[PDB]
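As structure tokens, the structure follows; a few thoughts come after it.
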Amino acid sequence: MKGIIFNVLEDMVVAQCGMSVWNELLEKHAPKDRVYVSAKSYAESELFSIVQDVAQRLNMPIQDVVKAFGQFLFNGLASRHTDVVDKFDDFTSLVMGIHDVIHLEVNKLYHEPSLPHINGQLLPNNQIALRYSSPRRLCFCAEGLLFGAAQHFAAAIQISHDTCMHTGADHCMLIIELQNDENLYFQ
Ligand code: MNH
Ligand code: NA
Ligand SMILES: [Zn+2]
């Protein structure tokens with residue numbers, strides 16, 4: 001798990017809960033003097049432990065917190081990699097380019113990142129079938145990231161997530177419905 005994910009998580013915790021809370025989390029869940037260098041890889045268990053601790057403090061379902069993080073994360077990533085996001089003029093383009101364009105670039109920017117496998121298929125009625133696969137099972141982070149992307153393009157979406165690795169499949173299916181964006185009028 002790259003430092004950049006931890007750095008965006010810090011911004012979130014610091015913004016919502018305060019710096020004193022982040023330092024608690026970090027002292028408790030990370031080795032002494034840990035510093036997350038944005039480009040370096042770190043044990044994903046440190047990220048999961050921090051986020052689980054937050055979920056418990058807030059008495060929220062863990063996957064609801066991961067999803068909220070995901071949505072915060074989209075802007076954290078777009079603002080730190082603005083040249084990658086500015087390759088797309090709308091939400092649907094970006095989603096269709098996650099694998100072959102965005103995460104292709106992430107392999108040139110970072111040494112050996114740990115990324116999901118994603119394939120998007122355009123459906124009728126302004127829907128997208130996004131297939132997600134990862135041993136890290138962060139499909140709810142992916143839901144949040146899609147909601148973040150929607151907000152980035154002033155779009156409105158809904159997601160159905162009825163095949164899921166957490167319910168025993170070897171992939172998740174996220175069926176994205178684009179309800180509105182700047183190029184959608186009546187239908
Ligand atoms: C919506 C769009 C979108 C989705 C659904 C998305 C999906 C994900 C998910 C889920 C993970 C966590 C790991 C896993 O195995 O699931 C992940 C990781 C990552 N992605 Mn992307 N990602 C972006 C946009 C997206 N990515 C953008 C924009 C950037 C920035 C250029 C980016 C860069 C990354 C980096 C960096 C990681 C972390 C890799 C690592 O920790 O080793 N990405
Ligand atoms: Na519109
Ligand atoms: Zn899932």
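The way I read the labels, and the way they are meant: chains A, B, ... in the order of the structure tokens, residue 1 as the first residue of every chain, and ligand 1 as the first ligand shown, with later ones counted on from there.
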Taking the DSSP assignment computed from this structure's backbone, write out as a PyMOL selection string all residues of segment 9-44 of chain A that belong to helix (DSSP H, G or I). chain A and resi 9-17+19-29+44
Restrict the selected residues to N, CA, C and O atoms and save them as a short mmCIF file (atom, residue, chain, number, x, y, z; two decimals), in the first residue's frame.
data_model
loop_
_atom_site.label_atom_id
_atom_site.label_comp_id
_atom_site.auth_asym_id
_atom_site.auth_seq_id
_atom_site.Cartn_x
_atom_site.Cartn_y
_atom_site.Cartn_z
N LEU A 9 -5.45 9.47 3.72
CA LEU A 9 -6.15 9.05 4.94
C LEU A 9 -5.85 10.03 6.09
O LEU A 9 -6.73 10.38 6.83
N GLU A 10 -4.60 10.48 6.21
CA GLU A 10 -4.22 11.42 7.27
C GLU A 10 -5.02 12.70 7.12
O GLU A 10 -5.54 13.22 8.08
N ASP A 11 -5.07 13.23 5.90
CA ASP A 11 -5.85 14.45 5.62
C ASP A 11 -7.28 14.27 6.07
O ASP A 11 -7.86 15.14 6.68
N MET A 12 -7.86 13.12 5.76
CA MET A 12 -9.21 12.87 6.18
C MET A 12 -9.38 12.87 7.70
O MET A 12 -10.31 13.51 8.24
N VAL A 13 -8.50 12.15 8.40
CA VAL A 13 -8.63 12.02 9.84
C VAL A 13 -8.34 13.35 10.45
O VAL A 13 -8.97 13.77 11.40
N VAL A 14 -7.36 14.05 9.92
CA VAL A 14 -7.00 15.32 10.54
C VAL A 14 -8.14 16.32 10.39
O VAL A 14 -8.46 17.05 11.33
N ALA A 15 -8.76 16.33 9.21
CA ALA A 15 -9.90 17.21 8.91
C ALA A 15 -11.14 16.93 9.71
O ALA A 15 -11.79 17.87 10.12
N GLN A 16 -11.49 15.66 9.89
CA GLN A 16 -12.69 15.28 10.62
C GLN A 16 -12.46 15.21 12.11
O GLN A 16 -13.29 15.67 12.89
N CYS A 17 -11.35 14.59 12.52
CA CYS A 17 -11.13 14.22 13.93
C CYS A 17 -10.04 15.00 14.63
O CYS A 17 -10.01 15.03 15.85
N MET A 19 -5.63 16.43 14.54
CA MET A 19 -4.27 15.91 14.45
C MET A 19 -3.95 15.02 15.65
O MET A 19 -3.30 13.98 15.49
N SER A 20 -4.44 15.36 16.83
CA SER A 20 -4.14 14.54 18.00
C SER A 20 -4.65 13.11 17.78
O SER A 20 -3.97 12.15 18.12
N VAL A 21 -5.82 12.97 17.15
CA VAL A 21 -6.37 11.64 16.86
C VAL A 21 -5.50 10.87 15.85
O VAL A 21 -5.30 9.67 15.99
N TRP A 22 -4.99 11.55 14.85
CA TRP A 22 -4.17 10.87 13.87
C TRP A 22 -2.92 10.33 14.51
O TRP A 22 -2.47 9.24 14.17
N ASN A 23 -2.34 11.09 15.43
CA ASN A 23 -1.09 10.68 16.08
C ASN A 23 -1.34 9.51 17.00
O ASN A 23 -0.50 8.62 17.10
N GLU A 24 -2.50 9.49 17.66
CA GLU A 24 -2.90 8.29 18.38
C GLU A 24 -2.89 7.09 17.47
O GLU A 24 -2.23 6.11 17.75
N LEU A 25 -3.65 7.17 16.38
CA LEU A 25 -3.78 6.07 15.45
C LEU A 25 -2.42 5.62 14.95
O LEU A 25 -2.14 4.45 14.84
N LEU A 26 -1.56 6.56 14.66
CA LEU A 26 -0.29 6.23 14.06
C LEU A 26 0.67 5.57 15.06
O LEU A 26 1.34 4.60 14.74
N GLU A 27 0.71 6.09 16.28
CA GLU A 27 1.52 5.51 17.36
C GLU A 27 1.11 4.10 17.72
O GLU A 27 1.96 3.25 17.99
N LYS A 28 -0.20 3.87 17.69
CA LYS A 28 -0.80 2.61 18.05
C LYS A 28 -0.71 1.58 16.92
O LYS A 28 -0.50 0.41 17.18
N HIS A 29 -0.84 2.01 15.66
CA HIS A 29 -0.93 1.04 14.58
C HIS A 29 0.29 0.95 13.69
O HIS A 29 0.35 0.10 12.83
N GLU A 44 -0.17 -3.15 3.95
CA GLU A 44 -1.57 -2.78 3.92
C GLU A 44 -2.26 -3.01 5.28
O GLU A 44 -3.25 -2.32 5.61
#
Return as a tab-separated table the residues of chain A lying at most 8 Å from ligand 2, together with the closest atom-to-atom pair for each and the distance in Å to one decimal, counting only C-alpha atoms and all ligand atoms, with rows in chain order and ascending residue number.
residue	atom	partner	partner_atom_place_in_ligand_line	distance
A:155	CA	ligand 2	1 (Na)	7.9
A:180	CA	ligand 2	1 (Na)	5.1
A:181	CA	ligand 2	1 (Na)	4.4
A:182	CA	ligand 2	1 (Na)	4.1
A:183	CA	ligand 2	1 (Na)	5.5
A:184	CA	ligand 2	1 (Na)	4.2
A:185	CA	ligand 2	1 (Na)	4.8
A:186	CA	ligand 2	1 (Na)	7.9
Save out the residues we just selected, N, CA, C and O atoms, as a compact mmCIF listing (two decimals), in the first residue's frame.
# COMPACT_ATOMS: atom_id res chain seq x y z
N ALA A 155 -21.38 15.01 -11.83
CA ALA A 155 -22.31 13.97 -12.22
C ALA A 155 -23.02 13.35 -10.99
O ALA A 155 -22.53 13.45 -9.85
N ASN A 180 -27.25 11.63 -14.04
CA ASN A 180 -27.09 12.93 -14.65
C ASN A 180 -25.63 13.35 -14.79
O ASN A 180 -24.77 13.02 -13.96
N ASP A 181 -25.36 14.11 -15.84
CA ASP A 181 -24.14 14.90 -15.95
C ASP A 181 -24.40 16.04 -16.95
O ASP A 181 -25.49 16.12 -17.48
N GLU A 182 -23.41 16.88 -17.22
CA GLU A 182 -23.61 18.09 -18.00
C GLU A 182 -24.04 17.76 -19.43
O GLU A 182 -24.61 18.61 -20.07
N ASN A 183 -23.85 16.54 -19.92
CA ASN A 183 -24.30 16.22 -21.27
C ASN A 183 -25.60 15.38 -21.34
O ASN A 183 -26.01 14.93 -22.40
N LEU A 184 -26.22 15.19 -20.18
CA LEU A 184 -27.47 14.46 -20.04
C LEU A 184 -28.58 15.46 -19.80
O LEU A 184 -28.52 16.23 -18.84
N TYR A 185 -29.55 15.48 -20.68
CA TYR A 185 -30.70 16.42 -20.52
C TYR A 185 -31.93 15.66 -20.03
O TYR A 185 -32.03 15.39 -18.84
N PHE A 186 -32.84 15.32 -20.92
CA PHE A 186 -34.00 14.57 -20.52
C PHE A 186 -33.72 13.08 -20.37
O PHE A 186 -34.32 12.43 -19.53
Report as CSV the residues of chain A within 10 Å of ligand 3, each with its shortest atom pair and distance in Å (one decimal), using only C-alpha atoms and all ligand atoms, ordered by chain and increasing residue number.
residue,atom,partner,partner_atom_place_in_ligand_line,distance
A:131,CA,ligand 3,1 (Zn),9.5
A:132,CA,ligand 3,1 (Zn),7.7
A:133,CA,ligand 3,1 (Zn),8.6
A:134,CA,ligand 3,1 (Zn),9.8
A:137,CA,ligand 3,1 (Zn),6.9
A:138,CA,ligand 3,1 (Zn),7.3
A:139,CA,ligand 3,1 (Zn),4.5
A:140,CA,ligand 3,1 (Zn),6.4
A:141,CA,ligand 3,1 (Zn),9.4
A:142,CA,ligand 3,1 (Zn),8.8
A:143,CA,ligand 3,1 (Zn),8.8
A:160,CA,ligand 3,1 (Zn),9.9
A:161,CA,ligand 3,1 (Zn),6.3
A:162,CA,ligand 3,1 (Zn),7.7
A:163,CA,ligand 3,1 (Zn),6.6
A:164,CA,ligand 3,1 (Zn),3.6
A:165,CA,ligand 3,1 (Zn),5.1
A:166,CA,ligand 3,1 (Zn),5.9
A:167,CA,ligand 3,1 (Zn),7.8
A:168,CA,ligand 3,1 (Zn),9.4
A:169,CA,ligand 3,1 (Zn),8.6
A:170,CA,ligand 3,1 (Zn),9.5
A:171,CA,ligand 3,1 (Zn),7.1
A:172,CA,ligand 3,1 (Zn),4.5
A:173,CA,ligand 3,1 (Zn),7.1
A:174,CA,ligand 3,1 (Zn),7.8
Write out as a ChimeraX atom specification each polymer residue (protein, DNA or RNA) that has an atom no more than 8 Å from ligand 1, with only C-alpha atoms and all ligand atoms counted. /A:1-5,41,44,70,74-75,77-78,80-82,84-85,94-95,98,102-103,105-106,110,112-117,132-150
Students should find that atom CA of residue 86 of chain A and atom CA of residue 6 of chain A are spaced 23.3 Å
Atom CA of residue 153 of chain A to atom CA of residue 127 of chain A: how many Å, to one decimal? 16.1 Å
Contacts of residue 52 of chain A within 9 Å, only C-alpha atoms, excl. fewer than 6 positions in-chain, as a PyMOL selection string: chain A and resi 62+65-66
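Distance-wise, atom CA of residue 46 of chain A and atom CA of residue 30 of chain A end up 6.3 Å apart.
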Apply DSSP to the backbone of this structure and, from segment 5-186 of chain A, keep only the residues in strand (DSSP E); write these as a VMD selection string. chain A and resid 117 to 123 127 to 133 156 to 163 172 to 180
Given the choices A:32, A:8, A:89, A:55, which gets closest to residue 76 of chain A if the distance is worked out from only C-alpha atoms?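 Residue with the minimum atom-to-atom distance to residue 76 of chain A: A:8.
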Nearest to residue 88 of chain A, chosen from A:33, A:152, A:67, A:176, with only C-alpha atoms counted in the distances: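 Residue with the minimum atom-to-atom distance to residue 88 of chain A: A:152.
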